[PDB]
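The structure under discussion appears below in the form of structure tokens.
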Protein chains: 2
Amino acid sequence: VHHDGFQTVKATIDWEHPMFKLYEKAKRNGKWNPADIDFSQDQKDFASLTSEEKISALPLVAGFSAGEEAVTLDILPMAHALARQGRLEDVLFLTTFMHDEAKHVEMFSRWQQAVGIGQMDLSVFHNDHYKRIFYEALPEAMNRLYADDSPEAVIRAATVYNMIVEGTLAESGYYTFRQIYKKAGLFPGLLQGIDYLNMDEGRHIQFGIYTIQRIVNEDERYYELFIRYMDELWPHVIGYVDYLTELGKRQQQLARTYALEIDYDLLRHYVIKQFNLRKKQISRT
Amino acid sequence: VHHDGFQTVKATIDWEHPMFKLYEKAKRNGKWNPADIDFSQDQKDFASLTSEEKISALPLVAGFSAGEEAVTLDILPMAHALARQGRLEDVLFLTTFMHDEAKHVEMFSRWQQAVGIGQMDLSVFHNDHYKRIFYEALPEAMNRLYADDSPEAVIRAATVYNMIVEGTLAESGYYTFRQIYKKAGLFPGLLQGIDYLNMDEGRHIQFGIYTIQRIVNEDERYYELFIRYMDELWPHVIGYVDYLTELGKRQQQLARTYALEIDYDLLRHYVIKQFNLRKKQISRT
Ligand SMILES: CCCCCCCCCCCCCCCC(=O)O
Ligand SMILES: CCCCCCCCCCCCCCCC(=O)O
Ligand SMILES: [Fe+3]
Ligand SMILES: [Fe+3]
Ligand SMILES: [Mn+3]
Ligand SMILES: [Mn+3]
């Protein structure tokens, strides 16, 4: 559809817009380059592992690898919908979001190549619950925005992408990674990438909060919609978490070798903690 | 539509793909930040000008300011269409393309604010020909890809965006800027931004060449389509160039003040030169 004007010809940018401030922060804090990470020690660590120690780590790399690729493809509709609404600053920020997710896909792929599991097909570690989030509810809530950019539709998209997938599952997976391999001294390069990802993630979640909150503020009925959609997806969050935990408990050889006290009951409380505190970053008024 | 698999879970990235190599170059060469540019001298230069010297420069800032905002919004469909075709490396590169265009909009807007013409409405300097490219043919060729991603549709989009708007008009405008203000010693910050833009542009054009060429290679009938669409748009290219030139010739006070020998006949041969050499970077086989 035609352009009926431009905002930097009639006016300029709203330099005070929060998303323009988040865009500035993204440029300042987002220079990291996955190609600069040294994985030579990760290749050694992975080689050194038993075959059952090798398996131990893969499920979590599987969920992250697919999940990074999901959001890289699935954030595009949000940028379309905000663009077409004239939210120039949001769009400017989303170009950093999309580039972040591209580096995230690059990072996990370079690790896989480095430790020798590139060809390996990690799809096996996506159970039914994971697919229901990432293969289904995520792409549907985002793609919807190409035809339906109502406040409800925008809230549901930010809830699934930013509050659940990033704000709940990715946050908990970063924690999990540290709680396990930071303790073992394993996979230094991967953990360097995880810290980089975690930092980017903070801005991803902050776009979600601002997007959800700016719609709640127009009509508090949408607060209810937000809590509802969060609760709708919790079964699949926790059923993927339960499944990964069951995998962890029958794969105990890396825990023993490295004297890791893998407290799965605690990881599970972190997930529950993340989910509830995302709810609490949305105010009903 | 559901995700039916992921390329960094079954395999990895194609590290040898040209667009993955262009993506790597973009990250290496694309760290510049418009917020780091010092425009304090540009504010002085613009203040120092007569009112008729002030007008002299604005038409070209008008076309660039709107034009940067056009491609920032209008490149999204290309990334959608390539994403949905599974061209992961192309998408990775396009995240840098879209972020480049965001910085380009930021750059021109920060200059406008710096020299005091933010509120000023530069739409007046878009004649009928400019609007036919930027207000019409560009958004239509890109938006089409949301429903029609045929090789014809993809060629036409890359031809209008990358070969004409960037490869012909933006290239010639960078030249023009140097031929005029590099000579005067004016607007150092703006010219620093133009060199940054010009460098980004090289990758933008190279994605267009690769996109057009990889489709020609499947069926040489599309070479004809490429030449045809290039020729279809030339009238509007040159009619905007003629209009800017007519503006320049009745606004001769900055030329005289600064002893600039503004050879408009030469700018016009540069445009013609750019257009023909874009045609020559597409091979018929
Ligand atoms: C054993 C404890 C389980 C903890 C939960 C781990 C979840 C693994 C990560 C999967 C989701 C990754 C989504 C990435 C989001 C993004 O890159 O923006
Ligand atoms: C007087 C000589 C005229 C020379 C032609 C000048 C054209 C001005 C620039 C307008 C198009 C800018 C498009 C930007 C493309 C991009 O940012 O990718
Ligand atoms: Fe994210
Ligand atoms: Fe460009
Ligand atoms: Mn990510
Ligand atoms: Mn540009």
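Quick note on labels: first sequence line is chain A, next is B, and so on, each numbered from 1.
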Q: Check whether any side-chain heavy atom of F275(A) sits under 4.5 Å from a side-chain heavy atom of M230(A), and report yes or no.
A: yes
Q) Would you call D195(A) and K182(A) a salt bridge, using N to O less than 4.0 angstrom? A) no
Q) Does any N or O in the side chain of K103(B) come within less than 3.5 Å of the main-chain N or O of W32(B), such that one atom is a donor and the other an acceptor? A) yes
Q: Under the ring pair (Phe, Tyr, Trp, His ring centres under 6.0 Å) rule, what do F134(A) and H236(A) come out as? Steps first, then yes or no, please.
A: CA-CA 10 Å; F134(A) 284 92; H236(A) 307 280; over 10 Å; no
Q) Quick one: does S65(A)'s side chain have a donor or acceptor within less than 3.5 Å of a partner on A62(A)'s backbone? A) no
Q. Does NZ in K280(A) sit with more than 12 non-hydrogen atoms of other residues, nucleotides or ligands closer than 6.0 Å?
A. no
Q: Apply salt bridge (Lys or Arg N to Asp or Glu O under 4.0 Å) to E140(B) and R156(B), showing your working.
A: CA-CA 10 Å; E140(B) 291 167 9; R156(B) 186 159 182 156; over 6 Å; no
(Q) Please tell me whether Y174(A) and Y196(A) form a close aromatic pair, meaning their ring centres lie under 6.0 Å apart. (A) no
Q. So does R144(A) pair up with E152(A), basic N to acidic O under 4.0 Å?
A. yes
(Q) Check for me whether the distance between the ring centres of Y146(A) and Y146(B) falls short of 6.0 Å. (A) yes
Q. Distance-only, no hydrogens or angles: does the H3(B) side chain make a donor-acceptor pair with backbone N or O of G5(B) under 3.5 Å?
A. no
(Q) Under 4.0 Å between a side-chain nitrogen and a carboxylate oxygen: does that hold for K21(B) and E16(B)? (A) yes
Q | Charged N-O contact under 4.0 Å between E224(A) and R284(A) | A | yes
Please tabulate, for the side chains in residues 241-249 of chain A, all donor-acceptor contacts under 3.5 angstrom to protein atoms that are two or more places apart in sequence or on a different chain.
from, atom 1, to, atom 2, distance (Å)
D242(A), OD1, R268(A), NH1, 2.3
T245(A), OG1, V241(A), O, 3.1
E246(A), OE2, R250(A), NH1, 3.4

Q: Give a yes or no on whether the backbone of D14(B) and the side-chain of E89(B) come within a donor-acceptor separation of less than 3.5 Å.
A: yes
Q) Would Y23(A) and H99(B) satisfy side chain to side chain donor-acceptor pair (under 3.5 Å), going step by step from the backbone distance to the final call? A) CA-CA 10 Å; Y23(A) 164 74; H99(B) 191 52; 5.1 Å; no
Q.
Check whether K183(A) reaches the backbone of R178(A) with its side chain - one donor and one acceptor, N or O, closer than 3.5 Å.
A. no
Q) Rounded to the nearest 0.5 Å, how far does CG of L76(A) lie from CE of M98(B)? A) 5.5 Å
Q: Answer yes or no: is there a donor N or O on one side and an acceptor on the other, between the side chain of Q253(A) and the main chain of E53(A), under 3.5 Å?
A: no
**Q.** Partner set under side chain to side chain donor-acceptor pair (under 3.5 Å) for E69(B), not counting sequence neighbours
**A.** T8(A)
**Q.** Distance, nearest 0.5 Å, that separates CG of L73(B) from CE of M142(B)
**A.** 11.5 Å
**Q.** Pair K27(A) + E24(A): basic N to acidic O under 4.0 Å
**A.** yes
Q) Hey, what do you get for CD1 (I133(A)) to CG (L169(A)), rounding to the nearest 0.5 Å? A) 5.5 Å
Q. Can you tell me if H2(B) uses its side chain to pair, donor with acceptor, with the backbone of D4(B) under 3.5 Å?
A. no
Q) Side chains of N33(B) and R28(A): does their closest heavy-atom pair fall under 4.5 Å? A) yes
Q | Neighbour count above 12 (heavy atom, 6.0 Å) for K273(A) NZ | A | no
Q: Side-chain contact test, heavy atoms from C-beta onward, threshold under 4.5 Å: evaluate it for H204(B) versus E101(B) and give yes or no.
A: yes
Q | Point-to-point distance, once rounded to the nearest 0.5 Å, from CZ of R132(A) to CG of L138(A) | A | 14.5 Å
(Q) How close do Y130(A) and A66(A) get, counting heavy atoms only, and between which atoms? (A) OH-CB, 3.3 Å
